[PDB]
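Asks: The data below comprise the sequence and an experimental structure of the protein.
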Amino acid sequence: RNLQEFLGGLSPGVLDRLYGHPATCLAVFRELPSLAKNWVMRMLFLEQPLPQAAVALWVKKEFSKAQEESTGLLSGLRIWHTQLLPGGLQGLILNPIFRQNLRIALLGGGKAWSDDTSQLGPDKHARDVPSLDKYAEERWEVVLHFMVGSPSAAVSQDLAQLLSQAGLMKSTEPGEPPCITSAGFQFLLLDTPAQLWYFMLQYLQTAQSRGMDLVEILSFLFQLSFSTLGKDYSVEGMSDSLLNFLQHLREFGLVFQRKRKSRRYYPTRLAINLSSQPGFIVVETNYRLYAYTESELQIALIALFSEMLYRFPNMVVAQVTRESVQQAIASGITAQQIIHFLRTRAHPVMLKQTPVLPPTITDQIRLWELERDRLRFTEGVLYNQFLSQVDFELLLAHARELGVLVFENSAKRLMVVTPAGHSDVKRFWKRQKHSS
Amino acid sequence: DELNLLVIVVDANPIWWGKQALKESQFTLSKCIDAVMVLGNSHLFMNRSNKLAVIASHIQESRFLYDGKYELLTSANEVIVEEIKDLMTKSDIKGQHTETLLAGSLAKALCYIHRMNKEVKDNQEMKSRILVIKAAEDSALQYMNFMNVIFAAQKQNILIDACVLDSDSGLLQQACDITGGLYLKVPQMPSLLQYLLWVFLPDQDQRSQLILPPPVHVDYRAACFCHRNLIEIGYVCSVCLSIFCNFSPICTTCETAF
Ligand SMILES: [Zn+2]
Ligand SMILES: [Zn+2]
């Protein structure tokens, strides 16, 4: 799921409380479509509602579908609310709180998002941007290795429980380590910003168990999203629970902090990328992958759907075979996920070509994917004992009404239904003959 | 992957703004600078990948101008304010030159766009457009350079948009017509920013979706070689295509070439 889907199901009060922070409003505005942004900007400096027809006349008739979609999305997000214009007309005006916060974020005004940074002076143990990036990469690699099950990576108990609640890994028995499921493989194949966003969404969903304020967590996350890289921020000014949540972020690599009691925290590159690098995989027409990577995580991920051939100290040469792709699919990974992963990790050299990946390789992978699903199997019960067409039609209509029909053929008067509905169909058939 | 580059050329001619300030009108150069900064902030807020550039023209030369609000936007506004203050404070009238060096600013903008295009990754295309706001009167002495700039922009497919404040310029109309840009005259100066947020804010693809005012009557009067003034009917050479206001027994340009 995406941000818009998550925000659609929230109550109006929660949405209004979210708009109280300028950082949240900017993120919501950037998540809007291109057409919606122009409407928001035009209505930013308006103190009076506008007629619905006047707004509808801005976009041409041919692109009315995009206008309708944008209007529906804005109404669902409650960015604007319809106003009862005098004379029976309907006026459209943006939410005053959202508009005020957006103007504060853009034009200026009010207090800063962070309390202060120069009160405590320069950090005694400050790090650099490459160090923060290395720390974030190490944390993410440790998390993903713990997802795989490598003993070298050990995380906190609550983090492991969160993965179990997310369904990526299941713990069949207490004490024994959980096993990664197909959903875990799909999560691994996802892009890093997508993985971070999915993990944050799962955290937000499970936050209701801990009784934490969703609005505060969302506002803090959005503030971290726009935070400048390499600049510390004041820990003070936050509730006790949020700091605890921040500690979990410290385990996730999004936020770096020297000590729990330290008053300085440095947002990392991964935290910035959460709101939204060059790729290290070269794909050749002969079904060969050349990866410029050294960490065991990427090697394992590539070996999930490919056969390894050579491992030079700074290079990995692998071959994409039919058997490897079939094994990966049997593991639960679809071809679309593999193609997306290859495109995301594609080397910058391959970006020169008009297609990111050669069409032949993608077509071959997709065809290999369809090989497993070529045969369709449906367990059920077949009825072929119809003496008359009229009797067959009534039973077929009853089965369709029950919604247990699998296959119908009026030409030969043969039908196939689910075993669960077989008892109901038999009871219906007996009643028709007995009552006759 | 959609890269939009917006370059804003600001006519900062001291004479016109001084006359406007002496008129004690509701519009000043400070309001224009604030409107330009707000437009740039809106453009940057439209998409993360969007890039902004501001160039201010003057009699001397062209200057590259580039707490509750965005941190990067705050730094950009501070840099723009510092640059414009440095340009205005050090602006000393040394000479009889009064026409705005609009051609030089456009040339610098084109050079900056060309520089930024190479740094763009091959997987993405950097769509670039140039917005020009005109305050002082147009200069007819720079006709050839202006036409060369227009042709260079057309070659690289760079939109040129003109926002005339007081006096209409035929050169800007020709540039908008040739490059496909939008030419608009401001009826009320204090409302200028709203126009910038209603017409020039959307990109070229977005402009097709929306409805825009029809282009104004574009003129195509040429400039005489020996007068550098707008003319309607003149003598044109059949070899070098030079334009003369009066008949001559021998073409000066052809006489120059040996
Ligand atoms: Zn002449
Ligand atoms: Zn001649």
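Replies: Arrived safely. Numbers count the residues shown, from 1 in each chain, chains lettered A, B, ... in the order given. Ligands and ions are numbered 1, 2, ... in the order given.
Asks: Pull the number of nearby residues for residue B:120.
Replies: Residue B:120 has 14 neighbours, counted by other C-beta atoms under 10 Å in any protein chain shown. (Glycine included, C-beta is placed from N, CA and C.)
Asks: Phi and psi next, for it.
Replies: Phi and psi for residue B:120, reported as degrees, to the nearest 10, are phi -70, psi 140.
Asks: Next: residue A:58.
Replies: Backbone torsions for residue A:58, taken as degrees, to the nearest 10, come to phi -70, psi -40.
Asks: Relative to residue A:82, how far out is it?
Replies: Separation of residue A:58 from residue A:82 (C-beta to C-beta, to the nearest Å) stands at 17 Å.
Asks: Enumerate every residue touching residue 147.
Replies: I'll assume chain A. For residue A:147, the contact set (C-beta atoms under 8 Å, 6 or more residues apart in numbering or on different chains) comprises A:163, A:168-169, A:180, A:184, A:187-188.
Asks: wrong chain, I was asking about chain B
Replies: Counted by C-beta under 8 Å, 6+ apart, residue B:147 has contacts residue B:174.
Asks: Find the helix or strand that it is a member of.
Replies: Counting by DSSP states H and E, the element that carries residue B:147 is helix B:143-155.
Asks: Name the next helix or strand following that helix along the chain.
Replies: Moving toward the C-terminus from helix B:143-155, the next helix or strand (DSSP H and E) is strand B:159-164.
Asks: what does the helix or strand following that next one rub up against?
Replies: Tracing the chain C-terminally past strand B:159-164 and defining elements by DSSP H and E, one meets helix B:170-179 next. With contacts defined as C-beta under 8 Å, 6+ apart, helix B:170-179 is touched by B:102, B:132, B:134, B:138, B:143, B:146-147, B:149-151, B:153-154, B:158-162, B:164, B:181-183, B:215-216, B:218-221, B:230.
Asks: Buried ones from those, can you make that a ChimeraX selection?
Replies: Buried members of those, defined by 16 or more other C-beta atoms under 10 Å in any protein chain shown, are picked up in ChimeraX with:
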select /B:102,132,134,138,143,146,147,149,150,153,158,159,160,161,162,164,181,182,183,216
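Asks: mind giving me the domain ranges of chain B?
Replies: Domain assignment for chain B by curated CATH domains gives B:1-210, B:222-258.
Asks: Reformat these as CSV; add distance to residue A:203.
Replies: Shown next, in CSV, are these (distance: least, C-beta to C-beta, whole Å):
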stretch, distance to residue A:203
domain B:1-210, 24
domain B:222-258, 68
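Asks: from those domains, which stretch is densest packed?
Replies: Neighbour counts (mean count of other C-beta atoms under 10 Å in any protein chain shown) averaged over each of the domains of chain B peak at domain B:1-210, with a mean of 18.
Asks: For that one, what is the distance to the chain centroid?
Replies: Distance, stretch centre to chain centre, for domain B:1-210: 5 Å (C-alpha atoms, centre = their mean, to the nearest Å).
Asks: for that domain, how far is the first residue from the last?
Replies: End-to-end distance for domain B:1-210, by C-alpha to C-alpha, to the nearest Å: 22 Å.
Asks: got it, and stretch B:4-21?
Replies: In stretch B:4-21, first residue to last residue: 35 Å (C-alpha to C-alpha).
Asks: And the helices in the stretch 51-200 of chain B?
Replies: B:71-89, B:102-119, B:143-155, B:170-179, B:192-196 (DSSP state H, counting those that start in this stretch).
Asks: Output those in CSV; the columns should cover distance to residue B:36.
Replies: Below are these laid out as CSV (distance: least, C-beta to C-beta, whole Å):
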stretch, distance to residue B:36
helix B:71-89, 8
helix B:102-119, 14
helix B:143-155, 20
helix B:170-179, 17
helix B:192-196, 8
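Asks: which one of these lies closest to residue A:114?
Replies: Set against residue A:114 and scored by C-beta to C-beta, the helices of the stretch 51-200 of chain B come closest in helix B:71-89, at 9.5 Å.
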